[PDB]
């Protein structure tokens, strides 16, 4: 057998792996160890990390709260403990480059909820956390992407709590943050991925609502262009590129009830981008029930999983 590339859905309820081509769904983990509020990343080498939540640390009188840091154990479908993130922040993003995992920006969980320009780095050889070169601006709710040992920071909200069209990139070899071309539409809490060597963004919150808009960025040319709008305005949409196909998954949308009420609603649906027609197409209404799920492309041995 060879591992198969699947959509991996992570939440407090467990981990579900979905093959969107066969429409087969598998239970990858029954563990609850991932905190509801979390972010996740998969390395090029298929290792899955999660950070989030909050807990009282054993050891620190000055800063008594830390955040969980976990790594998925492929042998027993449990989450392995790691040295915790010594920073009780939220609405941050996770990146990776060279032999480090990066926790980028965000805002403080407690008093005054300061927005952050700080970057915490987990050194995978030494097993220690520490501070890396700070961002050029404070930012939370942004998306972080990792490609060719660069770490991209896209959108979010800044020091005035307004949405950003900015994008910047970190090169750890040069210790250098650089500003890249901005998006057309400022957005936070949005979906983004690298796909066929370009960066694609979709949906998001804006300063006074939501957007369905999408855009595509050429890394080579440092230029944005419009991309097929997603069919619905949403917050916290996820994009996942899986063996050449772009998928859009979940997030919050507005339900109009029979009586005309406009109610926010959380979805775990999946759509695919039809490249030939340049259109989004529904795939499933609900992968599984979850709140606050994240989604990644992950290779797994299907014969070890429980079919659902």
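Residue numbers count along the first chain shown, from 1.
Visitor: With reference to the PDB entry, specify whether the mean Cα temperature factor is higher for 200 to 208 or for 215 to 223.
Guide: Between 215 to 223 and 200 to 208, it is 215 to 223 that shows the higher mean C-alpha B-factor.
Visitor: Which has higher Cα B-factors on average according to the PDB entry: 46 to 54 or 279 to 287?
Guide: That would be 279 to 287.
Visitor: Among 169, 91, 75, 104, which residue carries the highest C-alpha B-factor recorded in the PDB entry?
Guide: Out of 169, 91, 75, 104, the record gives the largest C-alpha B-factor to 75.
Visitor: According to the Cα B-factor stored in this entry, which of the following is highest: 100, 126, 188, 87?
Guide: Spelled out: the listed residue with the top C-alpha B-factor is 87.
Visitor: Taking the chain's C-alpha temperature factors as the reference, tell me which third residue 20 falls into: lowest, middle or highest.
Guide: It falls in the top third of the chain.
Visitor: Comparing residue 60 with the other modelled residues of its chain, is its CA B-factor in the lowest, middle or highest third?
Guide: As the PDB entry reports it, the C-alpha B-factor of residue 60 lands in the highest third of its chain.
Visitor: Taking the values exactly as deposited, rank residue 80 by C-alpha B-factor within its chain and report the matching third: lowest, middle or highest.
Guide: Middle third by C-alpha B-factor.
Visitor: Going by what the PDB entry lists, where does residue 139 fall on CA B-factor within its chain: lowest, middle or highest third?
Guide: Ranked within chain, residue 139 CA B lands in the lowest tercile.
Visitor: Would the CA B-factor of residue 109 place it in the lowest, middle or highest third of its chain?
Guide: Tercile = highest for this residue's CA B-factor.
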